[PDB]
Amino acid sequence: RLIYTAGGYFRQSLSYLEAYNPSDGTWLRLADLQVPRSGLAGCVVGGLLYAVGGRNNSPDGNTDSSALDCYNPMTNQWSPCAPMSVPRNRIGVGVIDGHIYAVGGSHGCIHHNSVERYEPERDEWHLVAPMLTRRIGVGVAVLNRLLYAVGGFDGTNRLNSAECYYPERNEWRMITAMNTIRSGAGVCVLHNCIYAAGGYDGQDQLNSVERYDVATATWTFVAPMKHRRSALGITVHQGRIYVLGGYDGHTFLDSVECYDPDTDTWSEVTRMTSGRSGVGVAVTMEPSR
């Protein structure tokens, strides 16, 4: 399995699909996205890589995207899917029971609290209960089949609040807030907790990382990343966390850092072919040759 990064931003939105092999260290260049996009999210259902939402910042235009597109590593081909009800720049997504939940994001000046669910078997989106909070640059994770929305930006204030969606009650409940306000953080589930790494608090890009334990309903501060970064990509591969790129207030990073929970240590493992922020990252089988 490889770590796929799709899209991103590097003075304009990007169409790159590249896949990192943590063993041999190579970056594989794969089929371009049909549309350049930054601020998208990535996920895997079945063995298929999905690119959800984002925005196309181009020298000739600036359009938020409702698109959902599907990459097959067996064919090295992208295929469009039915789009979401609304464009969602700086979206968060999570997967529950083979369904994709799209959370928050922006469309122009609209800051979404809405949430919708995609069923791959039927190629259909349906709206579900909206969040308690409008959140763009929201981090999303799934733990024990519950959907967590963490941090973000509501259009006026950046957030440390987190809330939890119960699919079969179709309702959101606030949980314990993070220690640090974070928009554009990387949020994932590792082992048995929710990690929130980096982001932006309205004054600084962050290198702090904290993790939520559901048993104690508590956020705890852990070893920080080496580089502060907002709009980073994040994923879990073979029991370790990988953070990709982002923005540090001056440059679009190509640094990839790796967190080992056994040692509570971060280390730089590779550099992307080119620095970029706002990527969609997910892990799936390596392509056919």
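Note that the UniProt record's numbering has the sequence shown beginning at 326, numbered continuously upward.
The C-beta atom is built at its ideal place from N, Cα and C for all residues, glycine as well.
Around the C-beta of residue 677, are 16 or more other C-beta atoms found within 10 angstroms, so that it is buried, or is it exposed? For residue 677 there is no data in the structure shown, the boundaries of the chain being 326 and 614.
Kindly say whether residue 346, judged by its beta-carbon, lies nearer than 8 Å to any beta-carbon of chain C. Structure shown: chain C not included; a single protein chain is present.
Nearest candidate by alpha-carbon position, reference residue 518, set 539, 526, 531: Taking residue 518 as reference, the option from 539, 526, 531 with the minimal CA-CA separation is 539.
Given a cut-off of 8 Å, decide if residue 383 and residue 412 are closer than it, judged by their beta-carbon atoms. With a cutoff of 8 Å on beta-carbon distance, residue 412 and residue 383 are scored as not near each other.
Beta-ladder partner(s) of residue 565, from DSSP: Answer by DSSP bridge pairing, in chain order: 562.
Leaving out five residues on either side along the sequence, give the residues of the same chain with a beta carbon under 6 Å from the beta carbon of residue 598. Here the set comprises 352.
Quick one, are the C-beta atoms of residue 558 and residue 547 less than 8 Å apart? With contacts defined as CB atoms closer than 8 Å, residue 558 and residue 547 fail to qualify as a contacting pair.
Report the residue from 415, 511, 426 whose alpha carbon sits nearest the alpha carbon of residue 433. If we check each option's Cα against that of residue 433, 415 comes out closest.
Suppose the cutoff is 7 Å on Cβ atoms and the five residues either side in sequence are ignored; what does the same chain contact list for residue 366 look like? If you ignore the 5 residues before and after residue 366, its C-beta comes within less than 7 Å of the C-beta of 377, 378, 416, 417, 418, 605, all in its own chain and listed in chain order.
Just to check my reading of the structure: residue 634 and residue 608 have Cβ atoms closer than 8 Å, yes? What is that Cβ distance to the nearest angstrom? Absent from the model: residue 634. The displayed extent of the chain is 326 to 614, so no value can be given.
Is the beta carbon of residue 396 less than 8 Å from the beta carbon of residue 342? Contact: yes.
Beta strand (DSSP E) segment containing residue 421, residue limits: 417–421 is the extent of the beta strand (DSSP E) around residue 421.
CB contact flag (residue 332, residue 358, <8 Å): Between residue 332 and residue 358, the gap from beta carbon to beta carbon is short of 8 Å.
Which residues mark the beginning and the end of the beta strand (DSSP E) in which residue 466 is found? That run of the beta strand (DSSP E) goes 464–468.
Where does the unbroken beta strand (DSSP E) through residue 386 begin, and where does it stop? 386–389 is the extent of the beta strand (DSSP E) around residue 386.
Distance CB(residue 506)-CB(residue 480) smaller than 8 Å: Contact flag unset, no.
Give the C-beta separation of residue 406 and residue 389 to the nearest angstrom, bearing in mind that I take them to be a contact with Cβ-Cβ under 8 Å. Here residue 406 is actually not in contact with residue 389; their C-beta atoms are around 17 Å apart, not less than 8 Å.
Could you name the residues of the same chain whose beta carbon sits closer than 8 Å to that of residue 581, not counting the 5 residues immediately before and after it, in chain order? Leaving aside the five residues that flank residue 581 on each side, the residues in its chain whose CB is nearer than 8 Å to its CB run, in chain order, 345, 567, 568, 569, 570, 593, 594, 595, 596, 597.
Is residue 455 helix, strand or coil when you go by DSSP? Residue state, collapsed to three classes: coil.
Sequence-distant residues of the same chain with beta carbon closer than 8 Å to residue 449, five excluded per side: Cβ within range, chain order: 407, 443.
Where residue 575 falls, given that 16 or more other Cβ within 10 Å makes a residue buried: Around the beta carbon of residue 575, fewer than 16 other beta carbons lie within 10 angstroms, which makes this residue exposed.
Inter-residue spacing [alpha-carbon to alpha-carbon] between residue 277 and residue 553: Here the chain has residues from 326 to 614 only, and residue 277 is not among them.
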